[PDB]
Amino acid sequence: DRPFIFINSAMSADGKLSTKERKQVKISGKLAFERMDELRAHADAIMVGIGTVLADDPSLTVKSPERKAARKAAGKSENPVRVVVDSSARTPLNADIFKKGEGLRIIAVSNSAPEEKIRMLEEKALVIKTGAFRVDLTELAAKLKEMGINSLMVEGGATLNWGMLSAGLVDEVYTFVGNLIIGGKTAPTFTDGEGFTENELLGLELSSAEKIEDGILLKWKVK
């Protein structure tokens, strides 16, 4: 069992999350950010892969003071729980996640992560250890549920999106499709990793499509 899980990502018209240089580029405008901010404020937790933390160093904070005050007035942290999937415990001790905002941090690591680096992280985050050499996402999802995380927003990363989807852990997939072509066989897509074969394709159902600023927001139910 697990929380309700949805992926929320912005991709170019050709399906890329960023350039081959893994440089993050303007895919969306203000209205799309507000929609993302609102989703963050609503979720119990936000999850991202270590690849995203290293490449972009995001805070994963709710930006609107009002949305933060509202969470606050509901007796919750100003920010939801912030989870990094990080097998080898590479999350830097001065990552922006640890610098900005109140709220719990969780680092999910594997049993093969450096025992001394864990200890350093345990000073500023909760560390959940799971899996042999890679985080066991199914197991992690179960523990997050048990901790009372009923809604989990995966802002992803190409490989983590794959991790979560191929493990059958996802309920819904939201893709803001921006008005640009990024290109490149090596640019990260909305779903990388190994890939499904013809015999394992994951079916979706379209729930909505909404033009927003210069792009379009598509939402699918998984299965």
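In case it trips you up, residue 1 is the first one in the sequence shown, and so on.
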Give the stretch, out of 120 to 128 and 81 to 89, with the larger mean C-alpha temperature factor in the deposited entry. 120 to 128
Read off the CA B-factors in the entry, average them over 177 to 185 and over 58 to 66, and name the higher stretch. 58 to 66
Taking the values straight from the PDB record, which of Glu205, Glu210, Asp14, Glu200 has the highest C-alpha temperature factor? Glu200
Could you tell me which third, lowest, middle or highest, the C-alpha B-factor of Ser166 occupies within its chain? middle
Entry-reported C-alpha B-factor of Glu194 relative to its chain, by third, is middle
Per the entry's values, where does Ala158 land by CA temperature factor relative to the rest of its chain, in the lowest, middle or highest third? lowest
How does the C-alpha B factor of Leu31 compare with the rest of the chain: lowest, middle or highest third? highest
Assigned third (lowest, middle, highest) for the C-alpha B factor of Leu140: middle
